[PDB]
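First, one chain by itself in structure tokens, the form deposited in one PDB entry.
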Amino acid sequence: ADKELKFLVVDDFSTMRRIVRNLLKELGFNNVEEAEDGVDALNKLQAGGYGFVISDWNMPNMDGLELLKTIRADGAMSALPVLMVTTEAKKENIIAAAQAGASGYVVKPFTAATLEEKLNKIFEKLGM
């Protein structure tokens, strides 16, 4: 995929954001911003330029399922790739996110290999 693709990495905790940012760097993606919750995310996203979202689930202000739903419901960004990255591992949570239009779903904790496989699975699916 184009190494200029702009990423938004959303999570209410630094540690996770820093892990993902660094991993993206390792893969050749340096165009990366962070947000701390769904509201913060939608703000940056509305400032334009984003090609990919990676999002936590449990966050104050707006959780990741609500964020995903909002993104899918906005006509300007309804096809933005959204990859969930969360501790929520119950099948009902996976179903709910999938049905809400998640592009992919990784369960924390994850390996570097897992994140790369899943990002690539999404690239291939969307012909990126």
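Residue numbers run from 1 along the displayed sequence.
Just so you know, the form deposited with a partner chain bound exists too; it's not on screen, but the next bit is about it.
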- Task: Counting non-hydrogen atoms within 4.5 angstroms of the partner chain in the bound PDB entry, say which of 94, 77, 32, 39 makes the cut.
- Result: 94
- the partner chain in the bound PDB entry: within 4.5 Å of a heavy atom of each of 89, 107 and 121? yes
- For residue 98, is any heavy atom within 4.5 Å of the partner chain in the bound PDB entry, or not? yes
